[PDB]
Amino acid sequence: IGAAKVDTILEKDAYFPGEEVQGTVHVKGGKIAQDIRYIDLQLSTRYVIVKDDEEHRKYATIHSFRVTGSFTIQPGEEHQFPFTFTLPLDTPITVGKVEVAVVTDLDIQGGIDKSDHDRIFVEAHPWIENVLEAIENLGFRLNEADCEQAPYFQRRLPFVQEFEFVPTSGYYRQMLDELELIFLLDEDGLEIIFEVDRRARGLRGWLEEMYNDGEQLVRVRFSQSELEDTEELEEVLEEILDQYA
Amino acid sequence: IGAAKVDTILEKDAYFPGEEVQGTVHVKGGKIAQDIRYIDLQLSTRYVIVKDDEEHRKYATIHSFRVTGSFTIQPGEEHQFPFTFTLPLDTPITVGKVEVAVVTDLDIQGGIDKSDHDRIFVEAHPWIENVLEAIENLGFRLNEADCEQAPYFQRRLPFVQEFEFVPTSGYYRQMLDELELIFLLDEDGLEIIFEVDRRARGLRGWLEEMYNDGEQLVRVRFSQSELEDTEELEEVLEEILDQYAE
Ligand code: NA
Ligand code: NA
């Protein structure tokens, strides 16, 4: 009926990509002593694969590291392993249906391993939120965001986070049925992938077969200066969107 | 030795990224029947990690997949497993010190596993070769190329291929001791990372601490159209480099 218990506590509720997560894994031994092989932490989320017009959600590990190595835990004994790790820059934003979880794996040799799970909210990176606010000012509204299968981009992760906006102005209603953005965040800036009418076209996921028929894709890099510069950001974004008229 | 044998044969020895590699894994049973758990192929290379000014080279897996699952092979028996896979777009170019190998892993249950090794030459993709020709035309000469540890860029692979050029003209000698380019190739175009005087500054690998003090980095995306018109390419590259004349 279980002996040793594990509990992870992060110091904050909210982080954005690039920020340092700090916390502590608390372990308390049970009635009789057990041999602990290691304590691992993982950040994970899920992403969608659509097959034959039905959704499959698949777990994916964003980051993983070892909190501690082997030690023996004796009766009732209390141990604290403090940790820190950096949130990867491709960590998805917690909005819509996207959740990001911190999973603690405490491995017990012979043994039934113990685990913990802590949701973390991942906020939009400042540059990303600048882009988003700029986009909504132009006459758009954020409708959906979800992690979608993206083998086509051959990224570190198997998925990308797809932001789907709906036009709130007559002009953009006329231009498109909806707008799609992918953010690829790096240390020096941000790359944006633009697409339109993906829902209209009944497209899900990002696959080779969508660009084989000579469809092509708008892909634009912004540097830090541009992203922190608000005004010209909205107008360059307007310029990019105008190519869809 | 009358033991179980594996031999992998590719149809070509040379490919560029995005191209399909085809071949066959040939297996021959040894004197005694064995249970084979699987046959895997691995595409791999090595990259440099510098610590305290010493080079350590570390093995890295570019791609991996299962050619076949479990079967029993009888003595002297021959099996052929044909295969195909696509060379990932971040596969490094085989030039300088870079090697790319296809490794066959035949796992035998209890058992001494068998292996094969086939080098492949990975050619510069045409857009990259356009950039390379463009850079040398401006007055550079390609000096070194290697795979370098690069956690800073957080790519799919732990390394990037770093191309180092040496200035061959008075103008560019006056500008720099050397130029460094990183190509990040994708389906719709190509991204170039520019840096100068990394060797002069004794920098190896791409790390957070190199850009924390307010060093900055030139990072520019080119599309397919731009990459395939060579003139406009050299003048764009000339313009990008002009920011270093300062
Ligand atoms: Na917890
Ligand atoms: Na071979």
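Residues numbered from 1 in each chain as written, not as in the entry; some residues may be left out. Chains lettered and ligands numbered in written order. Heavy atoms only, no water.

In terms of determination method and resolution, the entry is listed under X-ray crystallography at 2.30 Å.

Asker: Quick rundown of the coordination of the sodium ion (ligand 1)? Include the residues and the values.
Answerer: All names here are of chain A. Protein-derived ligands of the sodium ion (ligand 1) are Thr8 (O), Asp116 (OD), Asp118 (OD) and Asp118 (OD), with the metal-ligand distances lying across 2.3 to 2.9 Å. Each donor residue of the sodium ion (ligand 1) lies on the same chain, and together they follow the pattern T-x107-D-x1-D. With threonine 8 in strand β1 (residues 5-10) and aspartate 118 in strand β9 (residues 114-122), this residue pair connects regions lying 110 residues apart in the sequence. (Donors = N, O, S within 2.8 Å, 3.2 Å for Na, K, Ca; no water. Helix = DSSP H or I, 4+ residues; strand = E, 2+ residues; numbered from the N terminus.)

Asker: Let's hear about the interface of chain B and chain A: which residues, and what values?
Answerer: Taken together, the contacts link 15 residues of chain B with 15 residues of chain A. When chain B packs against chain A, the two sides together hide about 1,600 Å² of surface, and 37% of this comes from carbon and sulfur. On the chain B side of the contact with chain A, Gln154, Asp188 and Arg219 of chain B bury the most area, a combined 34% of that side's loss. At the boundary of chain B and chain A, one finds 4 salt bridges. (Contact = heavy atoms within 4.5 Å. Buried area = accessible area lost by both parts, 1.4 Å probe. Salt bridge = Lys/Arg side-chain N within 4 Å of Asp/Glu carboxyl O.)

Asker: So, the pattern of salt bridges: which residues are in play, and what are the values?
Answerer: Residue and element names in this part refer to chain A. By the definition in use, this model includes 33 salt bridges over all chains. We note a salt bridge from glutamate 55 to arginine 204, for which the minimum N-O separation is 3.3 Å. Of this pair, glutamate 55 sits in strand β5 (residues 54-68) while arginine 204 sits in the loop between β13 (189-196) and β14 (218-223), and the two are 149 residues apart along the sequence. Overlapping salt bridges bring together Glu162, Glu164, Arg198 and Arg199 as one network.

Asker: Describe in detail the packing of aromatic side chains, supporting the description with residues and values.
Answerer: This model, assessed by the stated rule, comprises 23 aromatic pairs over all chains. Geometry around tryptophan 206 of chain A places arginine 198 of chain A over its ring, the cationic atom sitting 3.8 Å from the centre. If you follow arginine 198 of chain B out to its NZ or CZ, it ends over the ring of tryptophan 206 of chain B, 3.8 Å from the centre. (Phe/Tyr/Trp six-rings, centres within 6.5 Å; stacked < 30°, edge-to-face > 60°. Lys NZ or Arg CZ within 6 Å of the ring centre and 35° of its normal.)

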